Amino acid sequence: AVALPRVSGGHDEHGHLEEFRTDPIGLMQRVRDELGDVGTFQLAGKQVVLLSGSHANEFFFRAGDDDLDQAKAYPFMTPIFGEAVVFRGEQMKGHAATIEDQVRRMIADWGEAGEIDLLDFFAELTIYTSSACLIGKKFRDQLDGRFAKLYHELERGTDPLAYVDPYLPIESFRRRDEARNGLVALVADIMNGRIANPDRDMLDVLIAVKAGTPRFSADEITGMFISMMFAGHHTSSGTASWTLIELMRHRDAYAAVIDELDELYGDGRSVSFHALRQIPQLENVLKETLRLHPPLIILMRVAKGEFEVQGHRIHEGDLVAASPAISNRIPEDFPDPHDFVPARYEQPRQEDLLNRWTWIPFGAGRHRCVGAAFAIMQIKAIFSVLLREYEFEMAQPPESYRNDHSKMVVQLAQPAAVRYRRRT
């Protein structure tokens, strides 16, 4: 009957929802600043118990699906995956080679010098890497920029208003729904193309299954492919963007990465060899970029039961959340937490390893990211190519690069303009 501590503000119609839709990171920080390790905010009719700090995070991440339910906290993903999506080491070398090929293909028309937008570039690139690795090169080769454009609209369909109702007549939801129909149409044209113009991939596997009448429709197959690509797409896309931004903002780090790439590749081995082995300075830049710009800024659960955390009672049906955005910057755990300090991961400090429950850009415990090794390899492969072929400079003030946090799916904001010039 005791109310949990509640953060200030949230006097709008849906409580803190409006703030969560505009500045979720400031809201979550205020929870911690006012209340400490366990505090709440109101998301429309739902209480969110926001945990932070080592002890509370440990509870969150060590909880089994019996205690804290992940999938129930994401009902808004239903219109994205669709009705019927009811939610290896031996391959990695091949995937690194695939990634190298996709990056070379993306920069093939760059020429001597030019300008890119990082969101446009990395969003499209990572559609190709994800589709090629997860579904097949044959399928990627039947994709072009339209698939990326549509997939982006789908991701933009995750306004937190979806916690009120995911089918409200707002434009972002209408565009989410239309984008999904557009993706189904692309997949149907691909299926038809294969009939008329017959080396196999997962799409071939799915087409072959019989109910015989074919078992799966374009709609069903498309939902499967959307779901397969979702976790790794915006996360990898944003991380690649922020990696390049932070290298440009910190030229000393950029210079060290260049030297090391040039030294490492001097053994004559491929990207598929080196992307699976240490590239130390780049890896520490990546760790720091993830600490500062975690693409998942909040992680949601529904409590299945009663638990106590620091003498605060969580009850069944409470939404319960952790936040990499906030936890990754706890100043007692990460000295100078707003500063970009790749040295914090060198053997002497290992701040990622020592702070097991608060360095959480890839989660922790029971829910440690199963895609982390792939995502890390993919950054290594991408930058092994980009940084050896081209030099990059910022085309706008360094502090003006920023994320759009208005949707549950975080995206780099535009402009994110960067110039390149061939390395001599």
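Sequential numbering from 1, following the sequence displayed.
The records show that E83 is omitted from the coordinate set of at least a third of the other eligible entries of this protein. The entry models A211 and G212 with a gap of 1 to 3 deposited residues left without coordinates. The modelled chain breaks between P198 and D199, where 4 to 9 residues of the deposited sequence lack coordinates.
Of the two segments, 58-66 and 369-377, the one listed with the higher mean B-factor is 58-66 (C-alpha atoms only). When the mean C-alpha temperature factors of 67-75 and 224-232 are read from the deposited coordinates, 67-75 comes out higher.
Listed residues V103, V257, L354, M202 were ranked by CA B-factor as deposited; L354 comes out on top. Note on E246, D318, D177, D120: the highest value goes to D318, judged by CA B factor as recorded. The PDB entry assigns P361 a C-alpha temperature factor belonging to the lowest third of its chain's modelled residues. The deposited CA B-factor of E124 belongs to the lowest third of values across its chain. Placement of the Cα temperature factor of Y167 within the chain: highest third of the modelled residues, per the deposited record. In the PDB entry, a CA B factor belonging to the lowest third of its chain's modelled residues is recorded for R140. In the PDB entry, a CA B factor belonging to the highest third of its chain's modelled residues is recorded for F307.
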